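K.L.:
Sharing target_15.pdb, PDB, C-alpha atoms:
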MODEL        1
ATOM      1  CA  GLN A   5      98.371 122.139  85.362  1.00  0.00           C
ATOM      2  CA  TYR A   6      97.830 119.543  88.115  1.00  0.00           C
ATOM      3  CA  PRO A   7      99.500 116.094  87.814  1.00  0.00           C
ATOM      4  CA  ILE A   8      97.267 113.312  86.444  1.00  0.00           C
ATOM      5  CA  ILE A   9      97.510 109.637  87.426  1.00  0.00           C
ATOM      6  CA  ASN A  10      95.519 107.071  85.425  1.00  0.00           C
ATOM      7  CA  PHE A  11      94.047 103.791  86.667  1.00  0.00           C
ATOM      8  CA  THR A  12      91.571 101.417  85.096  1.00  0.00           C
ATOM      9  CA  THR A  13      89.546  98.613  86.691  1.00  0.00           C
ATOM     10  CA  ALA A  14      89.458  97.033  83.199  1.00  0.00           C
ATOM     11  CA  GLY A  15      91.742  93.993  83.471  1.00  0.00           C
ATOM     12  CA  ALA A  16      93.186  95.328  86.736  1.00  0.00           C
ATOM     13  CA  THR A  17      95.831  93.164  88.410  1.00  0.00           C
ATOM     14  CA  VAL A  18      97.754  93.274  91.689  1.00  0.00           C
ATOM     15  CA  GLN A  19     100.676  94.784  89.732  1.00  0.00           C
ATOM     16  CA  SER A  20      98.664  97.473  87.914  1.00  0.00           C
ATOM     17  CA  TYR A  21      96.980  98.486  91.177  1.00  0.00           C
ATOM     18  CA  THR A  22     100.356  98.522  92.991  1.00  0.00           C
ATOM     19  CA  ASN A  23     101.813 100.753  90.237  1.00  0.00           C
ATOM     20  CA  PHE A  24      98.826 103.079  90.610  1.00  0.00           C
ATOM     21  CA  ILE A  25      99.060 103.467  94.403  1.00  0.00           C
ATOM     22  CA  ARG A  26     102.844 103.993  94.152  1.00  0.00           C
ATOM     23  CA  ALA A  27     102.237 106.734  91.546  1.00  0.00           C
ATOM     24  CA  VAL A  28      99.612 108.423  93.778  1.00  0.00           C
ATOM     25  CA  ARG A  29     102.042 108.453  96.739  1.00  0.00           C
ATOM     26  CA  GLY A  30     104.788 109.877  94.486  1.00  0.00           C
ATOM     27  CA  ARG A  31     102.565 112.774  93.394  1.00  0.00           C
ATOM     28  CA  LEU A  32     101.135 113.442  96.878  1.00  0.00           C
ATOM     29  CA  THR A  33     104.507 114.236  98.450  1.00  0.00           C
ATOM     30  CA  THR A  34     108.207 114.714  97.704  1.00  0.00           C
ATOM     31  CA  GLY A  35     109.206 112.215 100.398  1.00  0.00           C
ATOM     32  CA  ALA A  36     111.720 114.806 101.680  1.00  0.00           C
ATOM     33  CA  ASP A  37     109.938 114.771 105.045  1.00  0.00           C
ATOM     34  CA  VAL A  38     110.398 111.285 106.524  1.00  0.00           C
ATOM     35  CA  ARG A  39     109.994 110.554 110.226  1.00  0.00           C
ATOM     36  CA  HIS A  40     110.854 107.143 111.666  1.00  0.00           C
ATOM     37  CA  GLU A  41     110.843 105.759 108.071  1.00  0.00           C
ATOM     38  CA  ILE A  42     107.313 107.139 107.412  1.00  0.00           C
ATOM     39  CA  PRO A  43     106.872 109.894 104.751  1.00  0.00           C
ATOM     40  CA  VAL A  44     104.858 113.023 105.586  1.00  0.00           C
ATOM     41  CA  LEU A  45     102.481 114.925 103.298  1.00  0.00           C
ATOM     42  CA  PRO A  46     103.283 118.596 102.573  1.00  0.00           C
ATOM     43  CA  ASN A  47     102.432 121.219 105.185  1.00  0.00           C
ATOM     44  CA  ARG A  48      99.238 123.094 104.241  1.00  0.00           C
ATOM     45  CA  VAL A  49     100.744 126.325 105.666  1.00  0.00           C
ATOM     46  CA  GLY A  50     102.336 128.293 102.816  1.00  0.00           C
ATOM     47  CA  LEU A  51     101.607 125.649 100.166  1.00  0.00           C
ATOM     48  CA  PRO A  52     101.058 127.432  96.809  1.00  0.00           C
ATOM     49  CA  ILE A  53      97.750 126.748  95.032  1.00  0.00           C
ATOM     50  CA  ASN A  54      99.640 125.508  91.936  1.00  0.00           C
ATOM     51  CA  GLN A  55     100.906 122.557  94.041  1.00  0.00           C
ATOM     52  CA  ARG A  56      97.720 121.878  96.033  1.00  0.00           C
ATOM     53  CA  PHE A  57      96.014 119.101  94.035  1.00  0.00           C
ATOM     54  CA  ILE A  58      96.526 115.918  92.057  1.00  0.00           C
ATOM     55  CA  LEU A  59      94.058 114.345  89.632  1.00  0.00           C
ATOM     56  CA  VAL A  60      93.195 110.654  89.523  1.00  0.00           C
ATOM     57  CA  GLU A  61      91.505 109.660  86.263  1.00  0.00           C
ATOM     58  CA  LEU A  62      89.606 106.404  86.745  1.00  0.00           C
ATOM     59  CA  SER A  63      88.482 104.351  83.780  1.00  0.00           C
ATOM     60  CA  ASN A  64      86.463 101.136  83.724  1.00  0.00           C
ATOM     61  CA  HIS A  65      85.548  98.149  81.513  1.00  0.00           C
ATOM     62  CA  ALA A  66      82.244  99.943  80.713  1.00  0.00           C
ATOM     63  CA  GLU A  67      84.483 102.499  78.842  1.00  0.00           C
ATOM     64  CA  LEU A  68      83.534 105.324  81.224  1.00  0.00           C
ATOM     65  CA  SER A  69      85.938 107.738  82.927  1.00  0.00           C
ATOM     66  CA  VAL A  70      85.762 110.021  85.966  1.00  0.00           C
ATOM     67  CA  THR A  71      88.456 112.281  87.435  1.00  0.00           C
ATOM     68  CA  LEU A  72      88.868 112.609  91.193  1.00  0.00           C
ATOM     69  CA  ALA A  73      90.667 115.599  92.676  1.00  0.00           C
ATOM     70  CA  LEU A  74      92.859 114.917  95.724  1.00  0.00           C
ATOM     71  CA  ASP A  75      94.208 117.464  98.200  1.00  0.00           C
ATOM     72  CA  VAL A  76      97.959 116.767  98.613  1.00  0.00           C
ATOM     73  CA  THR A  77      97.955 117.876 102.278  1.00  0.00           C
ATOM     74  CA  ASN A  78      95.689 115.019 103.399  1.00  0.00           C
ATOM     75  CA  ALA A  79      94.941 112.836 100.324  1.00  0.00           C
ATOM     76  CA  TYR A  80      91.222 113.787 100.673  1.00  0.00           C
ATOM     77  CA  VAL A  81      88.975 113.427  97.645  1.00  0.00           C
ATOM     78  CA  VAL A  82      87.572 116.967  97.372  1.00  0.00           C
ATOM     79  CA  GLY A  83      85.426 116.395  94.290  1.00  0.00           C
ATOM     80  CA  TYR A  84      85.123 114.819  90.865  1.00  0.00           C
ATOM     81  CA  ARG A  85      84.550 115.494  87.158  1.00  0.00           C
ATOM     82  CA  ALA A  86      82.480 113.347  84.803  1.00  0.00           C
ATOM     83  CA  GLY A  87      82.150 114.826  81.296  1.00  0.00           C
ATOM     84  CA  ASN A  88      80.978 118.446  81.500  1.00  0.00           C
ATOM     85  CA  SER A  89      79.942 118.447  85.170  1.00  0.00           C
ATOM     86  CA  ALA A  90      82.025 118.673  88.340  1.00  0.00           C
ATOM     87  CA  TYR A  91      80.905 118.247  91.952  1.00  0.00           C
ATOM     88  CA  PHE A  92      82.749 119.253  95.115  1.00  0.00           C
ATOM     89  CA  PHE A  93      82.119 118.304  98.730  1.00  0.00           C
ATOM     90  CA  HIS A  94      81.042 121.174 100.986  1.00  0.00           C
ATOM     91  CA  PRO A  95      84.260 123.000 102.003  1.00  0.00           C
ATOM     92  CA  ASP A  96      85.187 123.107 105.704  1.00  0.00           C
ATOM     93  CA  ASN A  97      86.678 126.636 105.540  1.00  0.00           C
ATOM     94  CA  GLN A  98      87.249 129.690 103.289  1.00  0.00           C
ATOM     95  CA  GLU A  99      90.757 128.545 102.240  1.00  0.00           C
ATOM     96  CA  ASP A 100      89.384 125.205 100.962  1.00  0.00           C
ATOM     97  CA  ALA A 101      86.473 127.016  99.277  1.00  0.00           C
ATOM     98  CA  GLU A 102      88.923 129.274  97.396  1.00  0.00           C
ATOM     99  CA  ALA A 103      91.202 126.309  96.608  1.00  0.00           C
ATOM    100  CA  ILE A 104      88.500 124.306  94.773  1.00  0.00           C
ATOM    101  CA  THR A 105      87.844 127.264  92.397  1.00  0.00           C
ATOM    102  CA  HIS A 106      91.197 126.245  90.814  1.00  0.00           C
ATOM    103  CA  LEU A 107      89.923 122.737  89.916  1.00  0.00           C
ATOM    104  CA  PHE A 108      88.217 121.655  86.667  1.00  0.00           C
ATOM    105  CA  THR A 109      88.113 125.269  85.393  1.00  0.00           C
ATOM    106  CA  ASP A 110      87.368 124.186  81.787  1.00  0.00           C
ATOM    107  CA  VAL A 111      84.212 122.275  82.803  1.00  0.00           C
ATOM    108  CA  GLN A 112      80.793 123.769  81.907  1.00  0.00           C
ATOM    109  CA  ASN A 113      78.798 122.916  85.049  1.00  0.00           C
ATOM    110  CA  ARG A 114      80.345 123.221  88.512  1.00  0.00           C
ATOM    111  CA  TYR A 115      78.513 122.371  91.741  1.00  0.00           C
ATOM    112  CA  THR A 116      79.140 122.319  95.465  1.00  0.00           C
ATOM    113  CA  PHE A 117      77.387 119.559  97.390  1.00  0.00           C
ATOM    114  CA  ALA A 118      75.616 120.861 100.486  1.00  0.00           C
ATOM    115  CA  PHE A 119      77.172 117.941 102.407  1.00  0.00           C
ATOM    116  CA  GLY A 120      80.791 117.278 103.404  1.00  0.00           C
ATOM    117  CA  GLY A 121      82.825 114.279 102.264  1.00  0.00           C
ATOM    118  CA  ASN A 122      83.613 112.657 105.634  1.00  0.00           C
ATOM    119  CA  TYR A 123      82.694 108.999 106.324  1.00  0.00           C
ATOM    120  CA  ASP A 124      80.119 109.917 109.029  1.00  0.00           C
ATOM    121  CA  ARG A 125      78.133 111.954 106.487  1.00  0.00           C
ATOM    122  CA  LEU A 126      78.667 109.571 103.549  1.00  0.00           C
ATOM    123  CA  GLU A 127      77.550 106.528 105.604  1.00  0.00           C
ATOM    124  CA  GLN A 128      74.380 108.364 106.699  1.00  0.00           C
ATOM    125  CA  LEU A 129      73.643 109.211 103.042  1.00  0.00           C
ATOM    126  CA  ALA A 130      74.495 105.692 101.778  1.00  0.00           C
ATOM    127  CA  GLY A 131      72.309 104.043 104.445  1.00  0.00           C
ATOM    128  CA  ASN A 132      75.252 101.725 105.175  1.00  0.00           C
ATOM    129  CA  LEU A 133      78.325 101.745 107.404  1.00  0.00           C
ATOM    130  CA  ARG A 134      81.771 101.050 105.907  1.00  0.00           C
ATOM    131  CA  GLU A 135      81.646  97.611 107.632  1.00  0.00           C
ATOM    132  CA  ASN A 136      78.808  96.643 105.229  1.00  0.00           C
ATOM    133  CA  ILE A 137      80.078  98.214 101.982  1.00  0.00           C
ATOM    134  CA  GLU A 138      81.967  95.750  99.768  1.00  0.00           C
ATOM    135  CA  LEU A 139      85.373  96.771  98.356  1.00  0.00           C
ATOM    136  CA  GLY A 140      87.343  95.335  95.443  1.00  0.00           C
ATOM    137  CA  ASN A 141      87.805  95.696  91.708  1.00  0.00           C
ATOM    138  CA  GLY A 142      84.119  94.954  90.990  1.00  0.00           C
ATOM    139  CA  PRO A 143      82.852  97.568  93.499  1.00  0.00           C
ATOM    140  CA  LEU A 144      85.298 100.132  92.020  1.00  0.00           C
ATOM    141  CA  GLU A 145      84.250  99.319  88.413  1.00  0.00           C
ATOM    142  CA  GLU A 146      80.630  99.919  89.503  1.00  0.00           C
ATOM    143  CA  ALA A 147      81.514 103.038  91.549  1.00  0.00           C
ATOM    144  CA  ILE A 148      83.061 104.648  88.437  1.00  0.00           C
ATOM    145  CA  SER A 149      79.797 104.047  86.528  1.00  0.00           C
ATOM    146  CA  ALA A 150      77.684 105.432  89.403  1.00  0.00           C
ATOM    147  CA  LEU A 151      79.800 108.612  89.555  1.00  0.00           C
ATOM    148  CA  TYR A 152      79.642 108.947  85.750  1.00  0.00           C
ATOM    149  CA  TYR A 153      75.814 108.811  85.574  1.00  0.00           C
ATOM    150  CA  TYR A 154      74.993 111.092  88.545  1.00  0.00           C
ATOM    151  CA  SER A 155      74.595 114.351  86.572  1.00  0.00           C
ATOM    152  CA  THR A 156      72.031 112.810  84.180  1.00  0.00           C
ATOM    153  CA  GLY A 157      69.839 111.263  86.896  1.00  0.00           C
ATOM    154  CA  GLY A 158      71.117 107.676  86.617  1.00  0.00           C
ATOM    155  CA  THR A 159      72.387 107.430  90.212  1.00  0.00           C
ATOM    156  CA  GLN A 160      70.442 107.740  93.469  1.00  0.00           C
ATOM    157  CA  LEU A 161      72.235 109.637  96.257  1.00  0.00           C
ATOM    158  CA  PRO A 162      72.730 106.551  98.508  1.00  0.00           C
ATOM    159  CA  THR A 163      74.497 104.783  95.585  1.00  0.00           C
ATOM    160  CA  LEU A 164      76.614 107.909  94.972  1.00  0.00           C
ATOM    161  CA  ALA A 165      77.574 108.071  98.670  1.00  0.00           C
ATOM    162  CA  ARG A 166      78.465 104.342  98.650  1.00  0.00           C
ATOM    163  CA  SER A 167      80.520 104.872  95.475  1.00  0.00           C
ATOM    164  CA  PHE A 168      82.504 107.700  97.114  1.00  0.00           C
ATOM    165  CA  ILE A 169      83.129 105.429 100.138  1.00  0.00           C
ATOM    166  CA  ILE A 170      84.529 102.779  97.747  1.00  0.00           C
ATOM    167  CA  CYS A 171      86.773 105.246  95.855  1.00  0.00           C
ATOM    168  CA  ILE A 172      88.074 106.932  99.013  1.00  0.00           C
ATOM    169  CA  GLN A 173      89.119 103.657 100.632  1.00  0.00           C
ATOM    170  CA  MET A 174      90.634 102.093  97.500  1.00  0.00           C
ATOM    171  CA  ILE A 175      92.593 105.226  96.565  1.00  0.00           C
ATOM    172  CA  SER A 176      93.131 107.608  99.509  1.00  0.00           C
ATOM    173  CA  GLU A 177      93.233 105.044 102.345  1.00  0.00           C
ATOM    174  CA  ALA A 178      95.390 102.682 100.286  1.00  0.00           C
ATOM    175  CA  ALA A 179      97.804 105.580  99.639  1.00  0.00           C
ATOM    176  CA  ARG A 180      97.907 106.391 103.376  1.00  0.00           C
ATOM    177  CA  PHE A 181      98.305 102.816 104.618  1.00  0.00           C
ATOM    178  CA  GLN A 182     100.476 100.045 103.135  1.00  0.00           C
ATOM    179  CA  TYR A 183      98.219  97.743 105.162  1.00  0.00           C
ATOM    180  CA  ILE A 184      95.055  98.931 103.380  1.00  0.00           C
ATOM    181  CA  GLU A 185      96.860  98.778 100.026  1.00  0.00           C
ATOM    182  CA  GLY A 186      97.643  95.125 100.922  1.00  0.00           C
ATOM    183  CA  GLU A 187      93.981  94.480 101.782  1.00  0.00           C
ATOM    184  CA  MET A 188      92.940  95.844  98.381  1.00  0.00           C
ATOM    185  CA  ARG A 189      95.687  93.866  96.585  1.00  0.00           C
ATOM    186  CA  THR A 190      94.250  90.694  98.190  1.00  0.00           C
ATOM    187  CA  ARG A 191      90.724  91.507  96.975  1.00  0.00           C
ATOM    188  CA  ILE A 192      92.027  92.183  93.449  1.00  0.00           C
ATOM    189  CA  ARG A 193      94.203  89.015  93.412  1.00  0.00           C
ATOM    190  CA  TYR A 194      91.221  86.722  94.045  1.00  0.00           C
ATOM    191  CA  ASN A 195      88.599  88.993  92.417  1.00  0.00           C
ATOM    192  CA  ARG A 196      86.565  88.671  95.608  1.00  0.00           C
ATOM    193  CA  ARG A 197      84.618  91.641  96.923  1.00  0.00           C
ATOM    194  CA  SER A 198      84.348  92.053 100.686  1.00  0.00           C
ATOM    195  CA  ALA A 199      83.605  94.739 103.248  1.00  0.00           C
ATOM    196  CA  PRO A 200      86.600  96.018 105.267  1.00  0.00           C
ATOM    197  CA  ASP A 201      87.183  94.285 108.622  1.00  0.00           C
ATOM    198  CA  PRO A 202      87.847  96.135 111.951  1.00  0.00           C
ATOM    199  CA  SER A 203      91.630  96.288 111.313  1.00  0.00           C
ATOM    200  CA  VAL A 204      90.967  98.428 108.216  1.00  0.00           C
ATOM    201  CA  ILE A 205      88.170 100.551 109.761  1.00  0.00           C
ATOM    202  CA  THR A 206      90.111 101.388 112.949  1.00  0.00           C
ATOM    203  CA  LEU A 207      93.191 102.410 110.950  1.00  0.00           C
ATOM    204  CA  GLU A 208      91.069 104.744 108.781  1.00  0.00           C
ATOM    205  CA  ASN A 209      89.468 106.255 111.908  1.00  0.00           C
ATOM    206  CA  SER A 210      92.830 106.726 113.607  1.00  0.00           C
ATOM    207  CA  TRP A 211      94.931 108.172 110.744  1.00  0.00           C
ATOM    208  CA  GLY A 212      94.918 111.729 112.149  1.00  0.00           C
ATOM    209  CA  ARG A 213      95.628 110.595 115.723  1.00  0.00           C
ATOM    210  CA  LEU A 214      98.394 108.197 114.613  1.00  0.00           C
ATOM    211  CA  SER A 215     100.015 110.969 112.543  1.00  0.00           C
ATOM    212  CA  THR A 216      99.962 113.302 115.548  1.00  0.00           C
ATOM    213  CA  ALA A 217     101.137 110.634 118.044  1.00  0.00           C
ATOM    214  CA  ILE A 218     104.117 109.771 115.821  1.00  0.00           C
ATOM    215  CA  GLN A 219     105.081 113.414 115.197  1.00  0.00           C
ATOM    216  CA  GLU A 220     104.703 114.457 118.869  1.00  0.00           C
ATOM    217  CA  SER A 221     106.329 111.252 120.203  1.00  0.00           C
ATOM    218  CA  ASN A 222     109.348 111.173 122.505  1.00  0.00           C
ATOM    219  CA  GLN A 223     111.928 109.545 120.202  1.00  0.00           C
ATOM    220  CA  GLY A 224     109.130 107.345 118.798  1.00  0.00           C
ATOM    221  CA  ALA A 225     107.406 106.564 122.111  1.00  0.00           C
ATOM    222  CA  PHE A 226     103.753 107.646 122.484  1.00  0.00           C
ATOM    223  CA  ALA A 227     102.701 109.564 125.605  1.00  0.00           C
ATOM    224  CA  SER A 228      99.251 107.969 125.298  1.00  0.00           C
ATOM    225  CA  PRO A 229      98.658 104.521 123.759  1.00  0.00           C
ATOM    226  CA  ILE A 230      96.344 104.332 120.713  1.00  0.00           C
ATOM    227  CA  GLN A 231      93.788 101.540 120.606  1.00  0.00           C
ATOM    228  CA  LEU A 232      93.380  99.718 117.306  1.00  0.00           C
ATOM    229  CA  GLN A 233      91.551  96.518 116.377  1.00  0.00           C
ATOM    230  CA  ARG A 234      92.605  93.172 114.934  1.00  0.00           C
ATOM    231  CA  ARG A 235      90.722  91.441 112.084  1.00  0.00           C
ATOM    232  CA  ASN A 236      88.536  89.664 114.680  1.00  0.00           C
ATOM    233  CA  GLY A 237      87.602  92.983 116.357  1.00  0.00           C
ATOM    234  CA  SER A 238      89.695  92.464 119.512  1.00  0.00           C
ATOM    235  CA  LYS A 239      91.476  95.562 120.809  1.00  0.00           C
ATOM    236  CA  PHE A 240      95.225  96.139 121.167  1.00  0.00           C
ATOM    237  CA  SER A 241      97.372  99.139 122.128  1.00  0.00           C
ATOM    238  CA  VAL A 242     100.009 100.881 120.015  1.00  0.00           C
ATOM    239  CA  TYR A 243     102.756 102.417 122.197  1.00  0.00           C
ATOM    240  CA  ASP A 244     105.400 103.228 119.611  1.00  0.00           C
ATOM    241  CA  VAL A 245     106.001 104.249 115.996  1.00  0.00           C
ATOM    242  CA  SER A 246     108.034 101.038 115.421  1.00  0.00           C
ATOM    243  CA  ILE A 247     105.067  98.695 114.814  1.00  0.00           C
ATOM    244  CA  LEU A 248     103.413 101.241 112.488  1.00  0.00           C
ATOM    245  CA  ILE A 249     106.352 101.565 110.028  1.00  0.00           C
ATOM    246  CA  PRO A 250     105.111  98.661 107.801  1.00  0.00           C
ATOM    247  CA  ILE A 251     101.465  99.784 108.293  1.00  0.00           C
ATOM    248  CA  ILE A 252     101.458 103.546 107.556  1.00  0.00           C
ATOM    249  CA  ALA A 253     102.784 104.877 104.229  1.00  0.00           C
ATOM    250  CA  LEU A 254     101.882 108.584 104.591  1.00  0.00           C
ATOM    251  CA  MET A 255     101.128 110.924 107.498  1.00  0.00           C
ATOM    252  CA  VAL A 256      99.314 114.260 107.548  1.00  0.00           C
ATOM    253  CA  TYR A 257     101.700 117.084 108.544  1.00  0.00           C
ATOM    254  CA  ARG A 258     101.128 118.183 112.141  1.00  0.00           C
ATOM    255  CA  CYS A 259     104.342 119.968 113.149  1.00  0.00           C
ATOM    256  CA  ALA A 260     108.020 120.331 112.225  1.00  0.00           C
ATOM    257  CA  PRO A 261     110.259 117.438 113.323  1.00  0.00           C
ATOM    258  CA  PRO A 262     112.130 118.027 116.642  1.00  0.00           C
ATOM    259  CA  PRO A 263     115.948 118.544 116.416  1.00  0.00           C
ATOM    260  CA  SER A 264     117.657 115.374 115.104  1.00  0.00           C
TER
ENDMDL
END
As structure tokens, how would this structure be written, given the file I've shared?

P.N.:
Amino acid sequence: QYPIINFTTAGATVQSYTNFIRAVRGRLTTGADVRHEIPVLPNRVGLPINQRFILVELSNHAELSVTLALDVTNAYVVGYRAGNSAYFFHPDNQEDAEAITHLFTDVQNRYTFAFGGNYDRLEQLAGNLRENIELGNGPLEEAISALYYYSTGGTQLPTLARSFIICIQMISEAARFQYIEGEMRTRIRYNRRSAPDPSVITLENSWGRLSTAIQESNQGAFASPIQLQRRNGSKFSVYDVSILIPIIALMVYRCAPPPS
């Protein structure tokens, strides 16, 4: 059975959220693969199906619960269960399609969305870009309700798409980036909902590239600089793993580390 991590928005605090994200990271990877002080997610190649997923059960003040399924290789939300229905994003390949047949096997009604779960698609469906979708404990509380009521016709697709966008950033992106975890902690601390600024958005967009640049680096030095953005939207270059150590918490596996 896949590991389950519980979080509730009901009376959520900085500490309870911090505990949650730490637990997610702990279940996503062993931490045995660390490169320049940054842990790496397990290699997809040869990973047994019995170790492929973790479950995040989200509860809210409305006394509703949903369970998200996360792929350990990339922290992607691949689908969710609410009551006796489960929904999965359109799989990218045959391996992923087979993999999701091992999730929520006890549930009565299982569906595959005809759309994928990437931001590009979800933003199109939501009718809003990430830059205009508010994040925080309130948005998450509401997202849990929206996911819960989808199967019974209580949630329009743009609201569902928006709700996924909220969950993905507050769970998966926070797990990937200490910086994004910090941004969410701030929102929770002051109970103030706000859309993510360019520093958050550019990190999310660059996670794959940053992971590769770090893993392919010459002793930490990037061959090609990566452009990120500050909070005010101004651009700066990253040349080295060093400045990313306090920013990135998990990388996607790209290759084996070079000889030590």

K.L.:
If we count all atoms listed in the file, what is near region 152-164 of chain A at a cut-off of 9 Å, once residues fewer than 3 positions away on the same chain are taken out, given as a ChimeraX atom specification?

P.N.:
/A:68-70,85-87,89-90,126-132,147-149,167-169

K.L.:
One number please: CA of residue 55 (chain A) to CA of residue 74 (chain A), in Å, one decimal.

P.N.:
11.2 Å

K.L.:
Using only C-alpha atoms, collect all residues at a distance of at most 9 Å from (97.2, 114.7, 90.8) as written in the file, then present them as a PyMOL selection string.

P.N.:
chain A and resi 6-9+28+31-32+56-61+72-76

K.L.:
Using only C-alpha atoms, which residues sit within 6 Å of region 211-228 of chain A once same-chain residues fewer than 3 positions away are excluded, as JSON, numbers by chain?

P.N.:
{"A": [208, 243, 244, 245, 255]}

K.L.:
What residues come out when you apply the PyMOL selection byres ((chain A and resi 189) around 9) to this file, written as a list in words?

P.N.:
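Written out, the selection comes to residues 17, 18, 19, 21, 22, 140, 184, 185, 186, 187, 188, 190, 191, 192, 193 and 194 of chain A.
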
K.L.:
Taking C-alpha atoms for each residue, export the selection above as a CSV table (one decimal), keeping the file's coordinate frame.

P.N.:
chain,number,residue,atom,x,y,z
A,17,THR,CA,95.8,93.2,88.4
A,18,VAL,CA,97.8,93.3,91.7
A,19,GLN,CA,100.7,94.8,89.7
A,21,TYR,CA,97.0,98.5,91.2
A,22,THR,CA,100.4,98.5,93.0
A,140,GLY,CA,87.3,95.3,95.4
A,184,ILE,CA,95.1,98.9,103.4
A,185,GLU,CA,96.9,98.8,100.0
A,186,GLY,CA,97.6,95.1,100.9
A,187,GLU,CA,94.0,94.5,101.8
A,188,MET,CA,92.9,95.8,98.4
A,190,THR,CA,94.2,90.7,98.2
A,191,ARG,CA,90.7,91.5,97.0
A,192,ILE,CA,92.0,92.2,93.4
A,193,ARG,CA,94.2,89.0,93.4
A,194,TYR,CA,91.2,86.7,94.0
